[PDB]
Amino acid sequence: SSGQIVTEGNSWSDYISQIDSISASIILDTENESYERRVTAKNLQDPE
Amino acid sequence: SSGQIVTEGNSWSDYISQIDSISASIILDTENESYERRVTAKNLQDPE
Amino acid sequence: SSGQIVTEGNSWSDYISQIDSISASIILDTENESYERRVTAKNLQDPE
Amino acid sequence: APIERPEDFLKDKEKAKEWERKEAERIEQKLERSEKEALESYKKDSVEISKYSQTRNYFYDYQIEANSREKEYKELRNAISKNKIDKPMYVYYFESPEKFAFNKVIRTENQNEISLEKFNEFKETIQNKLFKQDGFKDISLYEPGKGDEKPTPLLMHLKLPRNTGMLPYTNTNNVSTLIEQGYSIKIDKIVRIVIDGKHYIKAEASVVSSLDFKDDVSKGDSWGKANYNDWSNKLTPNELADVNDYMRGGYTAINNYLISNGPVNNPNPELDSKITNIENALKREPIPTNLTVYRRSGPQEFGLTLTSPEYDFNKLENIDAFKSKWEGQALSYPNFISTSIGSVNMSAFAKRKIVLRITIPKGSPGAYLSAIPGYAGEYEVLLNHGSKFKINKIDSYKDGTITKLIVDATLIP
Amino acid sequence: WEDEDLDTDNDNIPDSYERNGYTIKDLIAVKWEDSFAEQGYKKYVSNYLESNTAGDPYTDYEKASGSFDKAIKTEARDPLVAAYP
Amino acid sequence: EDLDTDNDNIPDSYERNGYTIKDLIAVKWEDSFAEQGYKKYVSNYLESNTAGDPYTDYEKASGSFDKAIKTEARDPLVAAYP
Ligand SMILES: [Ca+2]
Ligand SMILES: [Ca+2]
Ligand SMILES: [Ca+2]
Ligand SMILES: [Ca+2]
């Protein structure tokens, strides 16, 4: 809340598998730049 | 609670012996992929 | 917190991207010394 | 590495533990030669000292001076006042629902669900009320999680105001902080949350400051005389004469006439003129700040006699009946009220078992009657008749072998 | 129950707001209305039993409010799109 | 009754006779829940971790862990084990 950004100890490796498990990958290519996104999807076999 | 994952100091080697001691191993081979599991089994010689 | 100055753990790499993403670069050349500055710019697509 | 303190740490623990520990070592250097022994004594007792801090100011002044725990309490108060935070701070601690005059149980220790009915009843009980908090208490700087002890279903989220005492202390194993409470709080919003499969009630709280001198009477005069020295000459000769004749023996007759429904069916025009003039003069200089005053009352003011079985507060059934009868119900007086801003016990009301704690809102009409040197009375502030009071919380304390009640109230406009 | 005073996941947004629709203004979540669209406000929906709907290290409230690093693309401010390099 | 011994936030009778998780709260299992896709769990009422894996009984059932752990490792009797 006071504008204090810390990057030491935070790692993307902890979240890669979790994000890949519960999301779909959408890629837009255009002609000069490519984009990649992950969008959350619902699991119909889980009532909760 | 805030949905933050930490993977430092959480070794899997502290639980391998304990899990293997009180479990039964079941393996399914199928045709193109193999699955291996452990299921906890009761000890009838321990009333508690 | 005691009136001292600490320069350990305070890294510019954390704020470089955040400063660059929301600022406009202005450079003055003259003859002797060159000056480079960044000035905050308002976003008109976000009402907040 | 350099952890900046924001207003709230939210759920960060490491960022809170490191800051608290660093502040602890910083404060350890500045402490005096007996502050460490006072801290150690609190560390080994930690329970009785809190109750003493809450209930000490209700004994005799010579009893207060002769109390064995007075020195330790004073030293810990000084240590707390030593460190004042420059900025406000958000804090977390667990408070039992019984503190807010809610006798029913929201849920037991091992229960999980919180029913809607209990939530609605608690919300009805807490709204539009003021609660006073006292004593030394351990405070958590971060919201507890799965590695913390959660004894009560109710969690309090409070924002400490400017210039509040703070004292991070190490209990030889971990780091903790200690504060002294001399303020009133209000609950704004309550929301039901889940922590590790058990429901909880999260209450947002704010601090309403009040002027309370407790047993310090010299400071009481120091403010009262400065406030109401100029009130003397503002009074017209007729109003001044009526005010004087009040405590020159006419106050008792006026109060007896006013209690007995006089001004309605059997009035006296002179008494009505006198009371109108004195209440007009009282409104001249109303109190410009929230103030706390004390007043010792007997069973007659609460519809009981000195021989009433319920008046014997040594049996828990009597306390339960008194609380169920009086808590959450209005109290009204048709006459004038004189209260003592000092909480010290005196021989005038030695045997009375009921103590009133009147809270005066800012701007409310009043007059410091103790500003005249011709009246030997000490520490008196007067209020207008036809008043209304709201009973918030009732507590009981031991005065030797006599169990007496503390009642907190609020004077609405 | 029958009131907007519930926070099951404890992420500063009420359950019904995450269930139906909400937007952040003055750092406070409010009920979505169609008139907000013309002023440039978006409509957000998210999981009311999960603190991080997308699984990224930022909660739903942080993403919806945009109170994280300001070098993240603006499309990663809604809870259903993950911030991920 | 509502007696809890191992402090896993699941009552002893629920663990012994069957339970399920809805809205992150353990509830008594009823036979009509199977139609809606729920499962029936039984676990050790004297152990916080029935299977020996790091996650407790409540976490495994509620799903309050890494969302990349296979869904079959959610019942307390199957250990999350790579
Ligand atoms: Ca929520
Ligand atoms: Ca959410
Ligand atoms: Ca249990
Ligand atoms: Ca268990």
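For region D:19-211, calculate the relative contact order in percent as a whole number, restricting contacts to Cα pairs under 8 Å that are 6 or more residues apart.
Details: 286 pairs, mean separation 51.2, N = 193.
Averaging sequence separation for qualifying contacts and normalising by length gives 27 percent for region D:19-211.
Phi angles of region D:363-378 translate, via the Karplus equation with coefficients 6.51, -1.76, 1.60 and θ = phi - 60°, into HN-Hα couplings of x, 6, x, x, 7, 8, 5, 7, 7, 8, x, x, 9, 6, x, 10 Hz per residue; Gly and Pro are given as x.
In this entry, region D:205-333 is assigned a mean projected area of 12.2 nm², taken as a quarter of its C-alpha convex hull surface. From the alpha carbon centroid of region F:24-82 to that of region D:1-76 is 44 Å.
Using C-alpha pairs under 8 Å with a sequence gap of at least 6, the mean separation divided by the residue count of region D:212-413 gives a relative contact order of 27 percent.
Based on the Kirkwood radius over alpha-carbon pairs, what value in µm²/s does the Stokes-Einstein equation return for the translational diffusion coefficient of region D:92-201 at 4 °C and 1.567 mPa s?
On the way: Rh = 15.5 Å.
The calculation lands on 84 µm²/s.
Is the shape of chain A best called rounded, prolate or oblate, per the rule: a/c under 1.5 gives rounded, else a/b larger than b/c gives prolate, else oblate, with a ≥ b ≥ c the square roots of the Cα gyration tensor eigenvalues? Oblate, since a/c reaches 1.5 and b/c is not below a/b.
Helix-only mean residue ellipticity at 222 nm, the protein assembly as shown, DSSP H runs n ≥ 4 weighted -39,500 (n - 2.57), per residue, nearest 500. What is it? Working shown, then result.
On the way: 20 runs with 173 residues, N = 724.
Dividing the helical sum by the residues of the protein assembly as shown leaves -6500 deg cm²/dmol.
Over chain D, what is the relative contact order in percent, taking alpha-carbon pairs closer than 8 angstrom and at least six residues apart? Can you show the working numbers first?
Working: 670 pairs, mean separation 64.9, N = 413.
Computed over chain D, the figure is 16 percent.
Listed values for region D:404-411 are Karplus-derived 3J(HN,Hα) couplings in whole Hz (6.51 cos²θ - 1.76 cosθ + 1.60, θ = phi - 60°), namely 10, 9, 9, 10, 9, 9, 8, 8, and x replaces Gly and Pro.
Here's how it looks for D:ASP399: its modeled amide H is under 5 Å from those of D:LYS404, which are all 5 or more places away or on a different chain.
Give the Debye-formula value of log10 I(q)/I(0) at each listed q (0.12, 0.17 Å⁻¹), with one equal scatterer per alpha carbon of chain E, two decimals each. Values, matching the q order: -0.32, -0.65.
Across the copies of the chain, C:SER1 has label points (7 Å from Cα along Cα→Cβ) spaced 1.6, 2.2 nm apart, shortest distance listed first. Step by step: find N for region D:148-224, compute 2.2 N^0.38 Å, then divide the Cα radius of gyration by it. What's the final number? It is 1.51. According to the Cα-based calculation, Rg over Rh for region D:19-211 is 0.98, with Rh computed by the Kirkwood formula. When the alpha carbon coordinates of the protein assembly as shown are projected onto the principal axes, the ranges are 108, 91, 61 Å, largest first. Compared with the dominant principal axis of the Cα atoms in chain D, helix D:14-30 is inclined by about 70°. Between 0 and 90 degrees, the angle of helix D:116-126 with respect to the longest Cα principal axis of chain D falls at about 50 degrees. Derived scalar couplings between HN and Hα for region A:42-47 equal 7, 9, 6, 7, 10, x Hz in order, rounded to whole Hz, by the Karplus curve 6.51 cos²θ - 1.76 cosθ + 1.60 (θ = phi - 60°), x for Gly and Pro.
Using only the alpha-carbon atoms, how far is helix D:70-82 inclined from the longest principal axis of chain D? Give it as 0 to 90 degrees, nearest 10. Once rounded, one gets 70 degrees. Summarising the amide proton neighbourhood of D:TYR60: residues at separation of 5 or more, or on other chains, whose placed amide H is nearer than 5 Å comprise D:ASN345.
Laboratory data are not the source of any read-out in this text; all were calculated from the coordinates shown. Note that we place each Cβ from the backbone using ideal geometry, even for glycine, and neighbour counts take in every protein chain shown.
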